[PDB]
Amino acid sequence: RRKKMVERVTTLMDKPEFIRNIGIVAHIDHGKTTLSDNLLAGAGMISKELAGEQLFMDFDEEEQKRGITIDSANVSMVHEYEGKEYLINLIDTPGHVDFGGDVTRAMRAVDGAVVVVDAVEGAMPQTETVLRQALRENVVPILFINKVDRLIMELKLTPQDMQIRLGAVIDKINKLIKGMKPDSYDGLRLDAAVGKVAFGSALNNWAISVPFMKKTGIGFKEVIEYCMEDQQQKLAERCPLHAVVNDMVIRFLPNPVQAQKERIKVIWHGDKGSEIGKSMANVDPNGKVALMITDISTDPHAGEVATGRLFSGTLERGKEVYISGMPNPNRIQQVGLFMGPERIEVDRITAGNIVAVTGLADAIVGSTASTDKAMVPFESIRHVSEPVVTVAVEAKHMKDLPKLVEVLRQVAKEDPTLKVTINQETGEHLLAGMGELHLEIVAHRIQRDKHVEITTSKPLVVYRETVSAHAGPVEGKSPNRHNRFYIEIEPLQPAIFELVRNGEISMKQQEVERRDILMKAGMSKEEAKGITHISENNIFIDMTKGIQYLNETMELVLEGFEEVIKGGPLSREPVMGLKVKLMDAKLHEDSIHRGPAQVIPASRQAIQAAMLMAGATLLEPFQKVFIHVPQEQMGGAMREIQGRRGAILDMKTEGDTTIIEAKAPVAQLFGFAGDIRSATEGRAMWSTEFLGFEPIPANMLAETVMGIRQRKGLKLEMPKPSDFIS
C-alpha cells in the first residue's frame, strides 16, 4: 500500500541522521535514468508512469524517440540498512551539455553524488564536468561503473583483463579529483576495497562490491559465467542492484548533520557564528527559516511550485517568509515532500529535507526565503558557461501576441540559463540559450504544451565585448555640466577573473575576508580595499580620496556601469572582463542637481569612452571538440574541422581508433553533426566542451561589428570616442 509509505517518509523526515540527499550525474548515455528507475523499483516504490499526477498524460512519441533526459526529476526511496530505515532523496540529472543548468541547480540541493561511468567508453568529457560541479559545491562523490555486461560479452576478455580495465577507470577518476582539489584528495580518494566503488548492469538489475563480495562468496569467475551463459536474471537474485548501491549510499554518503556545515562554506558568505549560521549547521528545526530555492515549475492544479533545500527551521501553511531582494513577505500555502515519484502534501516540513512549496508569489531560482528579512542571502546558482546561441521568435497568428509574451516570461523563469528579450514593438523576441538543441526543445514545448504556434529564425552566435589595454583617466560629464566622473579601465587579471566567475568573492563578505582573498591572488592592497561592486564578470573599484556626497551617489554610478555591461559600445553585445576604477569626481552640493537624470548618463558616458580608448574588441565563443574515428576516416574528419576555422590541439590512438582533440568557433559549428557524418561515411562519434571566448582577428573586426549592427538595426557606423565624451 501507499498507506504505509506515507507514514514511513513523514516519520523519517524528522530524523536528519537517516536522510541522504544525493544526485545521479554522468556523461550523456552512461545510464543515469536506468539506474534511478531501477533503484526506485527495487526499493518497492511505484513507478513514474503510475503516479497520480501522470494519469492524463500521453506519451509524446517524438520526445521519447530520443529518450534523452531534458529536466531533473526528484524522487525518494525508503531503504533498510543494518536493521534501520533511511530516507534517500534522489535527483536524476540530464547528461546532454546543453542542459548543464539543471545539473548545477541539482548540485546546490544535494550533499552526495553517484557518478556513473560507462565501462566501455570509460571516462568522457562530461564526466570531468559533473565531477568539477560537485566538488565546487562541497558534494561528496562515489563511483558506479555501469554496462559491465557489455564489457564482458562484446570484448570476450580474461577475468584478469577485466580487473585491469575496471581499475583503469578507477585510476582516471582519482587523477581528476587530485587535480581538482589537491589539498583534500587524501580524503576524497575512491578505494575499491572499502566499498566506495560498485560495478554492474543497471539495465539487468545486478551490482557487486568488495564488502558485499566477501560477505557473499561470489567471484569474478561466477559473474563472467552468468553473463556468457544468459543467466543475468539469476545473478540479480544473488547481488541485487538496489541492495549493493543503496547500502553504499548509506555507508559513504553524508546525512545533513555531517554535511550542512561544509555546504555553507561555499554557498553562503554570512557570519558563520551568527544565530542562523549555527542553526543551519545544526539542521535545527526550531531555528529561523532558511530556504534555498533551486527549481521553479508549474502544476496543472496547484499553480507554481518552488522546490529546494531547507537548511534551518520549520514550514507550514500560513507561515510568512521574506524573499531576498523583495519588499513584501510571502505566505506559504502548501508544503510537501517527494515520496516515490509523487509530491504529497504534509502538515509541516523541517530542516534537512528536500522540499516543495506553494504560495511564494515572488520566488525565483536562486532565491532565499527566510524568517528574518535581513538574513544574508545564499550565493547565486552560477552555471559555468554563458549563452552563446540566439534565435528570433514570433507568434504565427497576431491574435496570440500577448499570450506568447506571457508564455515566454514563465519559460525563462523556469530555466534561468535561457535569456529572453521581449520586444512588444516589433513582435519579435530574441531567445538565447546554450546550444541549438536547447532552443529546439523550448520551441517544441511552447507549441505543444502552451498551445501557441510560433515561428523561429536561423540560429546566430552571441558575442562579447571587452577591452585589450589600459586607458584613462577619462572624464564623463552630466547634462547640466555640474557633475563630473574620472574613470580608468583595463582588463581583469585571469586569477581575479576566476575568483569572480567561481563566486569566491562578493560584496556580502566581510571586508578583511574579501581583501585577503584578492591580495592572495595578485591584486594590490589599495585595489582590494576599494572594490565596491561585482557584476557578471566585471568589477568596479572606488579609488577616490574622500569626497562628500559620493557615498549616497555611488548607487547611481553603479547603475550606469550596469547599463553598459548589458550592452557595450561596439555592437550592444554583453560586456565581460573589465576592471573599472573611479579615480576622482566633482559633485554638486544640492541633491536636486545630482539625481538619476544627471549621474547615470555621466557614468555611462565615461565608461563607454574609456572602453573605446582602451582598444575595445569583440570576443567570439569557441568549443572544444572530441572526434572518435577509425583510421580510414581520419583524413576526412581532419579536413572537415580545419575547414571550419578549426585548430588541432592533440591526437590519441588506441588500436584502430584515433581521438582528435580540436577547438573551433561556435559561429562555424552550425551544421556540424551532418557534415561530420557525410565526411566520415557515418563513422564519426563526437562530443563538445565549452572552451572560452577569444578575440576576433583584427582584420575581421569591422566586418563582424557591422553585421551585428545590421541585424540589430543600429546605425551602420563604427563608434568613436567623440560620440560619448562630447
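Numbering starts at 1 and follows the sequence shown.
- Got a sec? Mean C-alpha B-factor, which is higher, 661 to 669 or 695 to 703? Higher of the two, by average CA B-factor, is 695 to 703.
- Which has higher Cα B-factors on average according to the PDB entry: 706 to 714 or 19 to 27? Stretch with the higher mean C-alpha B-factor: 706 to 714.
- Going by the deposited entry, which of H444, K265, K529, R108 has the highest CA temperature factor? Result of the comparison over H444, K265, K529, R108: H444.
- Which one, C227, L499, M543, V376, has the peak C-alpha temperature factor per the PDB entry? Across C227, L499, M543, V376, the entry lists the biggest C-alpha B-factor for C227.
- Task: Report the third (lowest, middle or highest) to which the CA temperature factor of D400 belongs, ranking only the modelled residues of the same chain.
- Result: It belongs to the highest third of the chain when residues are ordered by C-alpha B-factor.
- Message: Sorting by Cα B-factor within the chain, modelled residues only, which third would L40 end up in: lowest, middle or highest?
- Response: Middle third - that is where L40 ends up once the chain's C-alpha B-factors are sorted.
- Lowest, middle or highest third of the chain for the C-alpha temperature factor of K581? According to the entry, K581 has a C-alpha B-factor in the chain's lowest third.
- Ranked C-alpha temperature factor of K477 among modelled chain residues, by third: For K477, the deposited C-alpha B-factor lands in the middle third.
- Query: Comparing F212 with the other modelled residues of its chain, is its CA B-factor in the lowest, middle or highest third?
  - Reply: Within its chain, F212 is a highest-third residue by C-alpha B-factor, going by the deposited values.
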